[PDB]
Every structure is written in C-alpha cells, then in structure tokens.
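*Asks:*
Protein chains: 6
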Amino acid sequence: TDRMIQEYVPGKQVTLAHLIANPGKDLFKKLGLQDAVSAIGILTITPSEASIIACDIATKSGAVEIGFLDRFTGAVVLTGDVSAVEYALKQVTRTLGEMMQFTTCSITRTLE
Amino acid sequence: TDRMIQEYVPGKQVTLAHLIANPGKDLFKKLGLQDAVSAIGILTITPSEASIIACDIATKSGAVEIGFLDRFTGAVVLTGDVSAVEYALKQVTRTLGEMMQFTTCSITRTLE
Amino acid sequence: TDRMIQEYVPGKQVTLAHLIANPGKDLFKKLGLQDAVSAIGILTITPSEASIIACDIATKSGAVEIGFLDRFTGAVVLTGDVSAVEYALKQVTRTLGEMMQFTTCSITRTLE
Amino acid sequence: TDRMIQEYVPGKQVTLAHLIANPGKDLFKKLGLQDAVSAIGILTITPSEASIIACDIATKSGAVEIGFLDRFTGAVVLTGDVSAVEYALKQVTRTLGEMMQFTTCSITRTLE
Amino acid sequence: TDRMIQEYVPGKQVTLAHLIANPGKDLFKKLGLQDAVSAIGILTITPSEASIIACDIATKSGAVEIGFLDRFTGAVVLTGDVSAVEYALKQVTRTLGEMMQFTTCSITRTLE
Amino acid sequence: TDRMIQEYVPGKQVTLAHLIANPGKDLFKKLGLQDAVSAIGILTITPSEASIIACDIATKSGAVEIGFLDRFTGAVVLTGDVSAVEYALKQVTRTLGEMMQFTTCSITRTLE
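Sequence order for the protein chains is A, B, A', B', A'' and B''. A prime marks a further copy of an entry chain. One gets the authors' numbering by counting positions in the first sequence from 1 and adding 6 to each. One gets the authors' numbering by counting positions in the second sequence from 1 and adding 6 to each. One gets the authors' numbering by counting positions in the third sequence from 1 and adding 6 to each. One gets the authors' numbering by counting positions in the fourth sequence from 1 and adding 6 to each. One gets the authors' numbering by counting positions in the fifth sequence from 1 and adding 6 to each. One gets the authors' numbering by counting positions in the sixth sequence from 1 and adding 6 to each.
(1) For a contact defined as C-beta to C-beta under 7 angstroms, what are the partners of residue 17 of chain B'' on chain B?
(2) Tell me which residues of the region 65-94 of chain A have at least one Cβ-Cβ distance to chain B shorter than 7 angstroms, keeping chain order.
(3) Give me the chain B' residues within the contact set of residue 33 of chain A', using Cβ-Cβ distance strictly less than 9 angstroms, ordered along the chain.
(4) State the DSSP-derived secondary structure class of residue 77 of chain B, mapped to helix, strand or coil.
(5) Could you check whether the Cβ of residue 106 of chain A'' sits closer than 6 angstroms to any heavy atom belonging to the ligand COA?
(6) With a CB to CB cut of under 6 angstroms and the five nearest residues on each side skipped, what residues in its chain are close to residue 97 of chain B'?
(7) Apart from the five residues just before and just after residue 78 of chain A', which ones in its own chain have a Cβ nearer than 7 angstroms to its Cβ?
(8) Strictly below 9 angstroms CB to CB, what residues from chain A' border residue 30 of chain B?
(9) Any beta carbon of chain B'' sitting closer than 7 angstroms to that of residue 104 of chain A?
(10) So that I know if they touch, is there some Cβ in chain A' lying closer than 7 angstroms to that of residue 8 of chain B'?
(11) Taking only beta-carbon atoms, is residue 118 of chain A' less than 7 angstroms away from chain B?
(12) For residue 14 of chain B'' versus residue 12 of chain A, is the C-beta distance shorter than 7 angstroms?
(13) Would you tell me roughly how many angstroms separate the C-alpha atoms of residue 10 of chain A'' and residue 65 of chain A'', rounded to the nearest one?
(14) The alpha helix (DSSP H) that contains residue 43 of chain A, what's its start and end?
(15) Name the chain A residues that come within less than 7 angstroms of residue 21 of chain B'', Cβ to Cβ?
(16) From what residue to what residue does the alpha helix (DSSP H) around residue 13 of chain A run?
(17) Apart from the five residues on each side of it in sequence, which residues of its chain come closer than 8 angstroms, Cβ to Cβ, to residue 113 of chain B?
(18) Need the endpoints of the alpha helix (DSSP H) that residue 97 of chain B sits in, please.
(19) Can you name, in chain order, every residue of its own chain whose Cβ lies under 8 angstroms from the Cβ of residue 115 of chain A, other than the five neighbours on each side?
(20) Assuming residue 50 of chain A contacts residue 17 of chain A under a Cβ cut-off of 8 angstroms, what Cβ separation, rounded to an integer in Å, is found between them?
(21) Quick one: what's got a C-beta closer than 6 angstroms to residue 88 of chain B''s C-beta in the same chain, skipping five residues either side?
(22) Measure the C-alpha to C-alpha separation of residue 101 of chain B'' and residue 85 of chain B'' and round it to an integer number of angstroms.
(23) Output yes if chain A'' places a C-beta closer than 7 angstroms to the C-beta of residue 99 of chain B'; else output no.
(24) Strictly below 8 angstroms CB to CB, what residues from chain A'' border residue 113 of chain B'?
(25) Under 8 angstroms by Cβ, that's how I've got residue 48 of chain A'' and residue 61 of chain A'' pegged, so tell me the actual separation to the nearest angstrom.
(26) Please state the DSSP three-state secondary structure of residue 37 of chain A'.
(27) Report buried or exposed for residue 52 of chain A'', applying the criterion of at least 16 other Cβ atoms within 10 angstroms of its Cβ.
(28) For residue 37 of chain B'' versus residue 57 of chain B'', is the C-beta spacing smaller than 7 angstroms?
(29) Residues of chain A with CB under 8 angstroms from residue 50 of chain B'', in chain order?
(30) Looking at C-alpha atoms only, which residue of A'':118, A'':90, A'':117 and A'':70 is the closest neighbour of residue 30 of chain B'?
(31) Determine whether the beta carbon atoms of residue 20 of chain B'' and residue 34 of chain B'' lie at a separation below 7 angstroms.
(32) In chain B', what lies closer than 7 angstroms to residue 36 of chain A' by C-beta?
(33) Expressed to the nearest angstrom, what Euclidean distance is found between the alpha-carbon atoms of residue 83 of chain A' and residue 117 of chain A?
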C-alpha cells in the first residue's frame, strides 16, 4: 500500500572477508582457479569497483595472488599461504574501513 | 510521493535450504546436473559469494557433491544421499548462522 | 535528501500464478516452447532458486511438464492440459505458502 | 546513517503504456523490429513475467502483433494499426488493473 | 536489525540530460559511435523502455540521430549539431515531464 | 513484517574516486588494460551513464587517458601520470558535485 521513491546508490562495505585454509579441489576448479590448490580468501565488496583496490592492497601485503577479480559484482578470491591470505584480508579491511570509511566485517575462517 | 536515498549493501542470509529426495529426470537435466539422478539440496545465499563457503561446509560435512555453484546469484545445488544432503544443509545453516551472524531459514523438504 | 542503508535479501513470495488456456502460437514460440501449443501456467517466484521447487511440486502433481525453468529470475512456465496446469499452480502456491511460509498470490486465469 | 534490511519482491504494476503512431525507420530498426514500419505500443510491466499475459491480452483484443516480448525486463512492444494498438494497450491496463490488482498508468501517446 | 519487505517497481524519471559539445574521438569510439565525431546528448531514463519514446521525440525534434538506444538500462546517446541536440534534450524532458509525469532534471552541459 | 512499494530511480553520486600510483602488472592486466603499467584512477558513478561525462571532464583536464569506461556499471578507470590522474579525479568530483548536484566522495589514494 504505502509508496516511496528510492534513489539508489551503492554503499561502501566489505560484507565478507573469509578464509578457507583447505578448500576442496572440486570447489577450487569450479571457481575457475588455476595452480595447485591453496588456501583462499574471499571478499564481498560494495561498490563493485573497490575490488580493484582490495586486490592492490592484498597483493602489496605479501605473497598473495589474485585468484580472480570481479569488478561487476565486487567479488575477489585471493590465493596463497593461509597465514599470508589472512594477513591480506586484514589489510584490505583495515585500509578500506579506517582510511576509506567502508563498513567492514570481521575476518572469519574455515580451518578444518 | 516521499523520497529517500538508499545505499545498497548485501545482507547476510540463507533464505532457502531445501531438500528434494527424488527430483524428476527432466528437472535434474534442466538444471544441467550430470550423473545419475540423486537427492538434491538447494540453497539461496546472500551475499552471493557466501555460496563458496556453503559449498565448503557442505562437502566437508560428509559424502555430498557440488552439483553447481553460482557465485553471481548465490545459488548452490548439492547432490548425494538424501540423508547426507540433509545433514550438509543443516551444517551450512548452523555454521553461517551461529558462527557468522547470518539470518538462516529452517530446513525444508520435499520427500514425496 | 534523507538517506539510509538498505541491506538487501530476497523475499519469499509467489507474485504471479497465472493460467492461459489457449495462448497464441506466436507467443508460445517466442517463449521458446516446443511441442504442440497447449495451455500454460506462469509463475513469478522469489527467491529465484525456489523455481526449482515449484517445478518439482508441479510435475509431481500430475501430467504437467516444465516448459522452462529460469533459476536466475525465478520464472517457471508449465505446460499441459489446462485443468492439470491449474491443479499444479494450486499445489505450488499451497506448498510454498503453507509449508515454506512464502507470501502467495491467488491463481488468476485467461480462459478466452 | 540509519540501516534496514529490505526483503525484495517484485511489485505488480504497468508503469508505461504508450502509443507511437509513426515511429521513424531507424528506431523501428534499432529495436530489431521486422516488417514495414507501423504504429507501436510500448509496455513496461512488473513483474517481468506478466509481459506474457499482456501479450496474450493484446493479441486476443484484435489485429495486433507481438513486435517483441522481454520476460527478463517485462518490456512488450506491440505492432499494428494505431487504433488497434491503442485498444490493445487499454485492454492490457484494464485487465491487469481491474482483474489482477496491478497498479496501472494512463495510456499515453505520441501522434506527431 | 529492522526489517521490511520492499515491492519494487520502476520510477518515472529522466535523471540525466547532458550535452557535450566536443567529446574526444576516443570517448566517441569507446561508446561504439560511428560517423564523424559530433556533439552528443546523454540521457538516463527510468523505466528503461521510455528510452524508445525519448528517441522518437528527439529525432522528431530536428536533425538529431540516435547514437545508441539501450532499452535495457534506459540510456540514450543522441548525435548532431550541438544546438539541435540541446533542443532535442529539452523536448525529451518537456514531453516526459509535462505530458507523462516523469520527474525530470535540468539540461546540463559541457561546452569547453 | 512491514511492507512498502519502492519506486526505484538512480541517485546522483560519485561513490569512489581513488588513485593507485603503482598498481601491479597482474591487476593492470586482469583489468584488460593495455600499454605500460601506469598510475590508475578509479571511479564509481551513479547513474551509470554519468561515466561518459566523467570521462570527458578527465581527458579534458590534462594528459589522462580512458583505460576503460563501463556505462552499464558506471565504472571509469583512468590512466596517466599519477599527478595528472589525481587532478582529473578532483576535476570530476568538483564538476559533478558543484555544477550538477551529485553527492561526491573525497579523493583517496594508494601511494605505496
């Protein structure tokens, strides 16, 4: 019944920052990832273009590679040593949140 | 008509977690699923990237396979023994809900 | 002027459940439907993945076939005898609404 | 900044129902329309699947053809005699509005 | 925390109506525009199908051509003499706003 | 659960205006950018078509090139001398904000 006009603009938020230490080979391949299976870091970012910035921060933080960047949805999958990927995820959230005023989530993990 | 700016960000929610014990061959095929027809588990997840995590929790929970993952829509279809898929769905919802503050739905079933 | 953050999640709703007893051949073909022209049942479902469940309920209800399933938008077109398609549409809304707490619309028809 | 979860579902609305008596050949061609240029009727419909119903009501109302149907966006372009397309647009809006509780717009025209 | 269902329908609005007298050749080509570089008129229109109407009004207003029409997003790029394109943009906003009750923006320009 | 109809229209906003002085070669390549790696400027703009205007303001402001434009998402990536890209980003935000009533973000930078 009640009616309203909504002007949409993207928010600034890292919704997910999640570590999987030992993902399955099938999951890894279904994501289109190449190289030996490794730990992955998974980011959900709005606006979608901030994925570019998260990639730069992450790869500059240590020996982490971009598994994939999706500038259309904001998704980023990072690869590398599990502790390095964790450090990257932390740097991404630290930088976006503290220096660019994004809402950020805590780093979450799947280690088993 | 009232007017408001709405900054969009994805929520954190498992909206569907549904078991179909005996899906028809046509459906199973229209979904692009391969192998013999089996029970399927159907998940709807926001943000879409959390489908990756749900897949990991599911395949680690027992003898359940990824039928498909859609990181763009957040859909996951799981395959395996009906009881194993059921356990996987419960583990996805238990884990995302209790450990990651997602809103979760109850597990629903089509057994006939 | 006024500003708000909106966390989006899909609702649970069957918005359309509509019967067309005698659709035109041009409409039928433009929808990419095969076989002899027949009555059609048209569903609009959120979240999109619940289209899979609606298909299963519908095809289990009687001699109704999936014309198409669209798991990306939630659209389902059913085909068969007009009264069978009507029964299917009713079973879909009955099951989603009563057992899965979806908001459901009434079955609507175009018989002429 | 205030924050809210918004569960999305499509509304039921015909937002545009517009007659162009004499569209230019370039436009008619940029729309992918075939046959000789004719008057066109333009519909915007939510939910998108209701475009199927609008098409049926239109073609059954008289000598009007589907130029195209888009079940993804809900767009319908109708073709035929300008007066017949006009009658079709009025029948789409009368039927969806009175019989199916859609919000409907007034019919608008470009006659020059 | 707080939760609401939002039934979405498109608004009726021309958000952008902007003139660029001398766009760069690289910008012109990246937009996929053909012919000699010329001034461009840029429209943002909701619902997306109203782009069709804006095109018709614009091309009927004088010697303005459709650079492109995007019925999926509502974008229209017009080409021609800078003053003619300006006149077109004004006719589009005049007609949609005054005769079809769209919210319209003012015409904005980049002349240098 | 409360319910409301929301008519959607795009807002007018520059959400991101970000300088990366030294992006890695892999990122630069994953973005589909050609030529030698250079500093990049990253814009997020609503409505998406305003990316066209931002491009024009940027290339006219000095020796800055369009790496890419995305009129569907509103993304712009600029390339050139780090100081020139910075000036371009400031001119995009100054111009859209002061002359066209867009909400604008502050310019942000990754210099390390």
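Cβ atoms here follow ideal geometry from the backbone N, Cα and C, with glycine treated the same way.
*Replies:* Taking the definition as stated:
(1) Going along chain B in sequence order, the residues near residue 17 of chain B'' (Cβ under 7 angstroms) are 11.
(2) Near chain B, meaning a CB-to-CB distance below 7 angstroms, the residues of the region 65-94 of chain A are 79 and 81.
(3) Per Cβ cutoff of 9 angstroms: 58, 61, 62, 65, 72 and 75.
(4) coil
(5) Because no ligand of any kind appears in the structure shown, any question about the ligand COA cannot be addressed here.
(6) A distance below 6 angstroms between beta-carbons, with the five flanking residues on each side excluded, links residue 97 of chain B' to the following residues of its chain, in chain order: 63 and 67.
(7) 54
(8) 61, 62, 65, 66 and 72
(9) no
(10) yes
(11) no
(12) yes
(13) 43 angstroms
(14) Per DSSP, residue 43 of chain A belongs to no alpha helix (DSSP H) and is neither H nor E.
(15) At a beta-carbon threshold of 7 angstroms, the residues of chain A lying near residue 21 of chain B'' are 15, 16, 18 and 53, ordered along the chain.
(16) Looking at the DSSP string, residue 13 of chain A is not in any alpha helix (DSSP H); the run it does join, the beta strand (DSSP E), is 9-16.
(17) 23, 24, 25, 92, 95, 96 and 99
(18) Unbroken alpha helix (DSSP H) run through residue 97 of chain B: 88-106.
(19) 24, 25, 26, 27 and 92
(20) No, residue 50 of chain A and residue 17 of chain A are not in contact; Cβ-Cβ is about 12 angstroms, not under 8 angstroms.
(21) 27 and 45
(22) 19 angstroms
(23) no
(24) Near residue 113 of chain B' there are no residues of chain A'' at all, since even the closest Cβ is about 11 angstroms away, more than 8 angstroms.
(25) Not really, about 13 angstroms apart at Cβ, beyond 8 angstroms.
(26) coil
(27) It counts as buried.
(28) no
(29) 16, 53, 54, 55 and 56
(30) A'':70
(31) The criterion of a C-beta distance shorter than 7 angstroms is not satisfied by residue 20 of chain B'' and residue 34 of chain B''.
(32) 72 and 75
(33) 43 angstroms
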